[PDB]
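A, B, ... follow the sequence lines: proteins, then strands. Residue 1 opens every chain.
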Amino acid sequence: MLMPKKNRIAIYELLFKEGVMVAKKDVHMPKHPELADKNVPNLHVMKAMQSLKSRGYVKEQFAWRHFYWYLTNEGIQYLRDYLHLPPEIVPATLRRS
Amino acid sequence: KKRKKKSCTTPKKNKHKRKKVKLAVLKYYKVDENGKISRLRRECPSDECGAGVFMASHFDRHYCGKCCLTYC
Amino acid sequence: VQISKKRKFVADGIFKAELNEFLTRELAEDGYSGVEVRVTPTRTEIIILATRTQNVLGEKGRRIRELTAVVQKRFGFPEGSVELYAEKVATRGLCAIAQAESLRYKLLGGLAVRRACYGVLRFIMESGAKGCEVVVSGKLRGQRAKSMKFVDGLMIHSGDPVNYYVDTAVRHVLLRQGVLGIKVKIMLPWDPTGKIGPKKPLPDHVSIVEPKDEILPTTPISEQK
Amino acid sequence: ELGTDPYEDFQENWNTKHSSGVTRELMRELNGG
RNA sequence: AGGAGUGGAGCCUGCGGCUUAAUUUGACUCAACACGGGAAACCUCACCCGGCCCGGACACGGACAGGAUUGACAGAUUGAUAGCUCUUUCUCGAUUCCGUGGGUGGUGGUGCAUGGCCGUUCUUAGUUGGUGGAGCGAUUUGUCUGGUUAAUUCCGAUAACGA
RNA sequence: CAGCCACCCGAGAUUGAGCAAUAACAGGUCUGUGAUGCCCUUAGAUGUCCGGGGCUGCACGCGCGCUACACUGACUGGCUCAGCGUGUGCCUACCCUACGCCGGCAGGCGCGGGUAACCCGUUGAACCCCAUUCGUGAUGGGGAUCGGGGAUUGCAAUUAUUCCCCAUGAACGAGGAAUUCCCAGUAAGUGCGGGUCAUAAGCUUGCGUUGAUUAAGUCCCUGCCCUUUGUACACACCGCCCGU
Ligand SMILES: [Mg+2]
Ligand SMILES: [Mg+2]
Ligand SMILES: [Mg+2]
Ligand SMILES: [Mg+2]
Ligand SMILES: [Mg+2]
Ligand SMILES: [Mg+2]
Ligand SMILES: [Mg+2]
Ligand SMILES: [Mg+2]
Ligand SMILES: [Mg+2]
Ligand SMILES: [Mg+2]
Ligand SMILES: [Mg+2]
Ligand SMILES: [Mg+2]
Ligand SMILES: [Mg+2]
Ligand SMILES: [Mg+2]
Ligand SMILES: [Mg+2]
Ligand SMILES: [Mg+2]
Ligand SMILES: [Mg+2]
Ligand SMILES: [Mg+2]
Ligand SMILES: [Mg+2]
Ligand SMILES: [Mg+2]
Ligand SMILES: [Mg+2]
Ligand SMILES: [Mg+2]
Ligand SMILES: [Mg+2]
Ligand SMILES: [Mg+2]
Ligand SMILES: [Mg+2]
Ligand SMILES: [Mg+2]
Ligand SMILES: [Mg+2]
Ligand SMILES: [Mg+2]
Ligand SMILES: [Mg+2]
Ligand SMILES: [Mg+2]
Ligand SMILES: [Mg+2]
Ligand SMILES: [Mg+2]
Ligand SMILES: [Mg+2]
Ligand SMILES: [Mg+2]
Ligand SMILES: [Mg+2]
Ligand SMILES: [Mg+2]
Ligand SMILES: [Mg+2]
Ligand SMILES: [Mg+2]
Ligand SMILES: [Mg+2]
Ligand SMILES: [Mg+2]
Ligand SMILES: [Mg+2]
Ligand SMILES: [Mg+2]
Ligand SMILES: [Mg+2]
Ligand SMILES: [Mg+2]
Ligand SMILES: [Mg+2]
Ligand SMILES: [Mg+2]
Ligand SMILES: [Mg+2]
Ligand SMILES: [Mg+2]
Ligand SMILES: [Mg+2]
Ligand SMILES: [Mg+2]
Ligand SMILES: [Zn+2]
């Protein structure tokens, strides 16, 4: 799907920071609630997560109206190589606090 | 019920095909033997379109393609 | 502002229903039994009851640490108000949901319908239930659908005691040629404590105590102490 | 893995096309021959 | 035995027909017909007329920073301020675009392939083992001559006992 | 004996619903579902938006209903009594209304309360009651169909959304063959809430108020259960089967 590169950067940064993603399955929602002040439509998030799922990077669940996505190890490696993050950075999920 | 086809309309509405232009950067500047550069295309007065965003030299108007600003 | 009590209770019920549905879909494989939400002004605790907690927790606690994240993402209440705990069920044989899931996953593995149903029935009866019923409906063999019924022990159908003496579970399983339906009913035994059964007895069961032995009096005796 | 149950096969297909087969299977389960 | 009625009138609403470009469709004795919670100006919408969009993931091949592609002012055009198309040039920077597979989305077809739910037989009083008795056997008794009850409810009789 | 009838005492000597077995139906639902198996279609789409129409179109038949055919009535005043419930909403825009002023009315302006035994609200409901006018005349019964104006909801009211005012004033004088429901606070009369709802009840689901005639039986009609009995039926009388 066609979208500006900064939207993809923001979505991937949020996904790697948190480790999980939630969406409402609303292609007409003007902007994702979590991605505020960055002007990312919900449709872009849905399609980006679908593209990630097709490659095995994220695991998907659907509940009552919502998409839930969890990050896989190969997805972690792909995001780390994509965002040029140092090997000392891990998502908040992988930290047993 | 089964879907009927009924496939008959205007023969084919064609999609717009964008023109392929080779080295469109060159025609924006003119060069003298001394090495001077003169900008043939006007520069938009907008904020973002200030230095490298040139306008369009239409036969009766000037048009910036990045912000739709139009001048006579 | 604030909402009225009617809307508040309806919203709490809807939230619990959606949470239970999500947990079911997520943890069916782990023998998910139920969810219990205890609301405290400090934090809202969620207890997840399942047959095995090792898969729910995950390695080093990753998977559960994911769930308490997405829940916080879904319903939107602030961080630090979420904390999930996994507790194993006291007896897995007396839970209709766990047995329905076990039967569903035995069928999904290719086991014979009759053998799996009889194994589940035997396990339920050995657990200590008064009785059990298992019904499997669908295209078991051929283009024509049918239903197999396996019953054992006692079973009540009508009245109010059905509410607290019978545990019911309905499940669907997708096989290569379509959907099969599973229904499981378990009749709980009477337990004076509320651990593994109803505290109150059946309405029509009357227990008359045996009288104690009494010494026949013969001569008037006066005892002073 | 437990794949086939002769008892269920006979009890279901005793009146179907495959009766004469399943009966023949059931005896093999019973008499050991 | 009666009361209020309906069937007659006007009107409101569903179902057939007949018209229509379309007058979307399910259901037809109880157990279809102010029923689908179906009181539709738009949406709903599934029907008809006309016009945009891809929201065609992913893999392989081609093309590509000497530019893959994106959007758009004016005039024409259009129901339309859909750059939808035509003239004109501008803008965008690898996100896409062309082929092969392979997916997705459907109020599309099958309820005579299914699950679940609901309705009906029937809310009537019915149903079934275990040991015993009778038959080579299928099968039968228990579950009955009779009184009683809303009731296989009970009392009684009793090769049946308890359930 | 099981139990039945009557009576005393007594608030009550049968309150009304919910749940409801074994077995089945080719009963309804794929148009409730991100329940679902197979087919069909997928860029000139059966996907999805936008604009305009249709679902309501009228020589005719069939159901569920509302209003009536009047005097045990209609109209105009006066007086006086309820209950069940709802109310400011994640997306989500849309709540219930007291009081003051303007208008003849539908309505319009202000300014307050209520997230509710707190405010609307002592929910001044309608039938009913007391007076006035009319007087067996399709009549001051009935209110269909139409004309001209005004106002609210909406982005949009024409094929009239709804509401208000003048005017117009149809059939209908109790209904053939046939047919439905009902045994006490019941049937019927009369209003009021909830659902649908931007606009909104002739439907449904509940609630009160006024309040009866008849019956305490039967198997005649209809239907469903048992027992005995006959069968060449077992896809079970919508069967099987004979002869031209
Ligand atoms: Mg019982
Ligand atoms: Mg009962
Ligand atoms: Mg009437
Ligand atoms: Mg009549
Ligand atoms: Mg009539
Ligand atoms: Mg009809
Ligand atoms: Mg249709
Ligand atoms: Mg009936
Ligand atoms: Mg209809
Ligand atoms: Mg309407
Ligand atoms: Mg219109
Ligand atoms: Mg439109
Ligand atoms: Mg329409
Ligand atoms: Mg594209
Ligand atoms: Mg469609
Ligand atoms: Mg669908
Ligand atoms: Mg069916
Ligand atoms: Mg079915
Ligand atoms: Mg059923
Ligand atoms: Mg016996
Ligand atoms: Mg015997
Ligand atoms: Mg014998
Ligand atoms: Mg018998
Ligand atoms: Mg009897
Ligand atoms: Mg059928
Ligand atoms: Mg269904
Ligand atoms: Mg479907
Ligand atoms: Mg289907
Ligand atoms: Mg429908
Ligand atoms: Mg349009
Ligand atoms: Mg439309
Ligand atoms: Mg209609
Ligand atoms: Mg009806
Ligand atoms: Mg009527
Ligand atoms: Mg009515
Ligand atoms: Mg009067
Ligand atoms: Mg009058
Ligand atoms: Mg008067
Ligand atoms: Mg009066
Ligand atoms: Mg007159
Ligand atoms: Mg008159
Ligand atoms: Mg007018
Ligand atoms: Mg029309
Ligand atoms: Mg008038
Ligand atoms: Mg009402
Ligand atoms: Mg209303
Ligand atoms: Mg209706
Ligand atoms: Mg009779
Ligand atoms: Mg004879
Ligand atoms: Mg016989
Ligand atoms: Zn500019």
Problem set entry | Interatomic distance at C1', F:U199 relative to F:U162, whole Å |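 Rounded to whole Å, the distance is 7 Å.
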Problem set entry | Pairwise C1' distance for E:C12 and F:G143, with rounding to whole Å |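 Result for the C1' pair: 15 Å, nearest Å.
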May I ask which nucleotide in the shown strands pairs with [N], Watson-Crick or G-U wobble, both distances under 3.5 Å?
| N | result |
| --- | --- |
| F:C181 | E:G3 |
| E:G156 | E:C144 |
| F:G61 | E:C15 |
| F:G173 | none |
| F:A117 | none |
| F:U214 | none |
| F:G193 | F:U205 |
| F:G18 | none |

Please check the phosphate of [N] (OP1 and OP2 only) for any side-chain N or O of [X] closer than 4.0 Å.
| X | N | value |
| --- | --- | --- |
| C:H172 | F:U36 | no |
| B:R18 | E:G71 | yes |
| B:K20 | E:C64 | no |
| B:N14 | E:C84 | no |
| B:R41 | E:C90 | yes |
| C:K6 | F:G87 | yes |

For this session: Tell me which of B:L23 and B:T70 sits closer to the 5' end of RNA chain E, going by the nucleotide each one is nearest to.
Result: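 Of the two residues, B:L23 wins.
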Close N or O pairs between protein and nucleotides 22-28 of chain E (under 3.5 Å):
{"from": "E:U24", "atom 1": "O2'", "to": "B:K1", "atom 2": "NZ", "distance (Å)": "3.1"}

Exercise. Taking 4.0 angstrom as the limit, do C:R114 and D:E12 come out as a salt bridge?
Worked result: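 Here C:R114 does not pair with D:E12 in a salt bridge, since their nearest N and O are not under 4.0 Å apart.
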Exercise. Do A:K53 and A:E60 meet the salt-bridge criterion of a basic N to acidic O distance under 4.0 Å?
Worked result: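 Judged by the 4.0 Å cut-off on N to carboxylate O distance, A:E60 and A:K53 do form a salt bridge.
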Please state how far atom [atom1] in [X] lies from atom [atom2] in [N], giving the value in whole angstrom units.
| X | N | atom1 | atom2 | answer |
| --- | --- | --- | --- | --- |
| B:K15 | E:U69 | NZ | P | 15 Å |
| B:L69 | E:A74 | CG | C1' | 13 Å |
| B:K22 | E:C64 | NZ | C1' | 10 Å |
| C:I3 | F:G114 | CD1 | P | 18 Å |
| C:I156 | E:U127 | CD1 | P | 23 Å |

Exercise. Base, backbone or nothing for each nucleotide of nucleotides 37-50 of chain F, written B, S, -, heavy atoms under 4.0 angstrom, 5' to 3'?
Worked result: S---S--B-B----
Seminar exercise, completed: With sugar-phosphate taken as primed atoms, P, OP1 and OP2 and all else as base, the protein-contact string of nucleotides 91-98 of chain E at under 4.0 Å (heavy atoms; B, S, -) is SS--BS--
Exercise. Would you call the sugar of F:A93 north or south from its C1'-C2'-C3'-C4' torsion?
Worked result: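 North.
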Exercise. Does B:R39 count as lying over the ring of B:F54, i.e. NZ or CZ under 6.0 Å from the six-ring centre, within 45 degrees of the axis?
Worked result: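 No.
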For this session: Mind running a 4.0 Å heavy-atom check of residues 50-71 of chain A against RNA chain F and sending the residues that fall below it, in number order?
Result: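 Going residue by residue through residues 50-71 of chain A, the ones with a heavy atom under 4.0 Å of RNA chain F turn out to be A:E60, A:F62, A:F67.
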Exercise. With a 3.5 Å cut-off and no angle check, do the side chains of A:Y70 and C:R63 form a donor-acceptor pair?
Worked result: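 The answer is no; no qualifying pair exists.
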In a table with atom names and distances, give each donor-acceptor pair under 3.5 Å that connects a side chain of residues 39-47 of chain C to protein atoms at least two apart or in another chain.
{"from": "C:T44", "atom 1": "OG1", "to": "C:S81", "atom 2": "O", "distance (Å)": "2.6"}
{"from": "C:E45", "atom 1": "OE1", "to": "C:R38", "atom 2": "NH2", "distance (Å)": "2.9"}

Exercise. Taking RNA chain E as the partner, which of residues 20-39 of chain C come within under 4.0 angstrom of it by heavy atom?
Worked result: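 Contacting residues: none.
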For this session: Would you confirm whether C:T68, through its side chain, and C:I64, through its main-chain N or O, come within 3.5 Å as a donor-acceptor pair?
Result: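 Checking the backbone N and O of C:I64 against the side chain of C:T68, no donor-acceptor pair under 3.5 Å is found.
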